[PDB]
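Trainee: compute the structure for the input listed below.
(one chain, ligands or ions: 2)
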Amino acid sequence: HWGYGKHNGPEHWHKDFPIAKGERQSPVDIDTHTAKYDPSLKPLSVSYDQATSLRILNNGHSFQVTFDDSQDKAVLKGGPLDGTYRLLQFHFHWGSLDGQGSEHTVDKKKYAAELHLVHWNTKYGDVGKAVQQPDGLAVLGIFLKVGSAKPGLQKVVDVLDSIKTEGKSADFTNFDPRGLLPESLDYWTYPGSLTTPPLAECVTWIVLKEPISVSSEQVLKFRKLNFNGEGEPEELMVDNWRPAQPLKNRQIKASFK
Ligand SMILES: NS(=O)(=O)c1ccc(O)c(NC(=O)NCc2ccncc2)c1
Ligand SMILES: [Zn+2]
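Mentor: Numbers count the residues shown, from 1 in each chain. Ligands and ions are numbered 1, 2, ... in the order given. The coordinates are given below.
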């Protein structure tokens, strides 16, 4: 029912998900001058060495690669996290044009896309219990800009033709998530929400300072995807991003001076 068009887009979501006007909603603009360097933060430790990708799926608002999370195979720990968070999926948000597409903004600058890597707190047992917890989820957000091609993205790009419309999935084994990470792991962090319905306020956002670059041909193939399912009017999947929400009583902390 909810979507990203004029009639079902982010400005209507509060009618079905009243938490959309809550206190810790996401995304936000990261004012880099008002973020506080916090030395009490630990380095991010990404242990994706034994990650097990399963499928890629068009869910009708994005495409999503899923992982086997029944074991500590790909985990995130450190940073502002307490405990161990298992990788569950990643997905992308992107625009119709290269000057918009990201959900988070940095000094009001929008990037061409955003990669979201979704992890959940193992102490809660499964992901459906974690999403009801104030600290149940950790999302690692990575900006994409348009420049040179990114090799570790090309395997995703090559299969997009197989999942063009909503509900299609394809096998997607032996994918390495480390190929999507920038060279530096400097980050901002703040407590937030999911950026799509149901917009649960369960996320510790970790947003990386350094973007990854992708080529225009690579992003062009993202925009060839469809919101609709097969046998329907053709709606290209673009501008699947929520606009920035007020920070309200929240401080953004930085891991880097
Ligand atoms: N962009 S995000 O903050 O990293 C993010 C991370 C994990 C998520 O699960 C979502 N949200 C969904 O996956 N919503 C599907 C759904 C829609 C309506 N009813 C039930 C389920 C957003
Ligand atoms: Zn997302």
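Trainee: hey, C-alpha coordinates of the host helix or strand of residue 138 in PDB?
Mentor: Secondary structure from DSSP states H and E places residue 138 in strand 137-146. Taking only C-alpha atoms (Å, rounded to 0.1, in the frame of the first residue of the first chain), the coordinates of strand 137-146 have been written out as PDB:
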ATOM      1  CA  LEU A 137      19.200  -3.400  14.800                       C
ATOM      2  CA  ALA A 138      22.400  -1.900  13.500                       C
ATOM      3  CA  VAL A 139      22.400  -0.500   9.900                       C
ATOM      4  CA  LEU A 140      25.700   0.400   8.300                       C
ATOM      5  CA  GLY A 141      25.100   3.100   5.600                       C
ATOM      6  CA  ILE A 142      27.500   3.800   2.800                       C
ATOM      7  CA  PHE A 143      27.100   6.600   0.300                       C
ATOM      8  CA  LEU A 144      27.500   6.000  -3.500                       C
ATOM      9  CA  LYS A 145      28.800   8.600  -5.900                       C
ATOM     10  CA  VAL A 146      29.200   8.400  -9.600                       C
END
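Trainee: so the residue nearest to residue 23 when sequence neighbours are not counted: helix, strand or coil?
Mentor: In space, and not counting its chain neighbours, residue 23 is closest to residue 248: 5.5 Å by CB to CB, 6 or more residues apart in numbering. All C-beta spots, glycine's among them, are computed from the backbone N, C-alpha and C. With DSSP: H, G, I helix; E, B strand; the rest coil as the basis, the three-state label of residue 248 is coil.
Trainee: how close does residue 248 sit to residue 241?
Mentor: Using CB to CB, to the nearest Å, residue 248 is found at 20 Å from residue 241.
Trainee: between those two, point out the one with more neighbours.
Mentor: For residue 248 against residue 241, the residue with the higher neighbour count under other CB atoms under 10 Å is residue 241, and the figures read 24 against 10.
Trainee: doesn't the more buried one lie inside a strand?
Mentor: No: assignment of residue 241 by three-state DSSP gives coil, placing it outside any strand.
Trainee: residue 64 touches residue 91, doesn't it?
Mentor: Yes: between residue 64 and residue 91 there is a contact at 4.3 Å, judged by CB atoms under 8 Å.
Trainee: what parts of the stretch 51-200 of the chain come near ligand 1?
Mentor: Applying the criterion CB under 6 Å from any ligand atom, the portion of the stretch 51-200 of the chain that neighbours ligand 1 consists of 116, 118, 139, 194-198.
Trainee: returning to what we had before: surely the residue nearest to residue 23 meets residue 28?
Mentor: No: judged on CB under 8 Å, residue 248 makes no contact with residue 28 at a distance of 9.2 Å.
Trainee: shared neighbours of the two, anything?
Mentor: Shared contacts of residue 248 and residue 28 (CB atoms under 8 Å, 6 or more residues apart in numbering): none.
Trainee: in the sheet, which residues pair with residue 87? Tell me.
Mentor: With DSSP bridges as the criterion, residue 87 is bridged to residue 119.
Trainee: can you give me the helices for the protein?
Mentor: For the chain, the helices identified by DSSP state H occupy 127-130, 151-159, 216-222, in order along the chain.
Trainee: of all those helices, which lies closest to residue 10?
Mentor: Counting by CB to CB, residue 10 lies closest to helix 216-222 out of those; the figure is 19.6 Å.
Trainee: list the contacts of residue 123.
Mentor: Contact analysis of residue 123 by CB under 8 Å, 6+ apart lists residue 83.
Trainee: rewinding a little: next, format the helices of the chain as TSV and append distance to residue 186 and mean neighbour count.
Mentor: Putting the helices of the chain into TSV (distance: least, CB to CB, whole Å; neighbours: other CB atoms under 10 Å) gives the following:
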stretch	distance to residue 186	mean neighbour count
helix 127-130	26	16
helix 151-159	20	16
helix 216-222	24	17
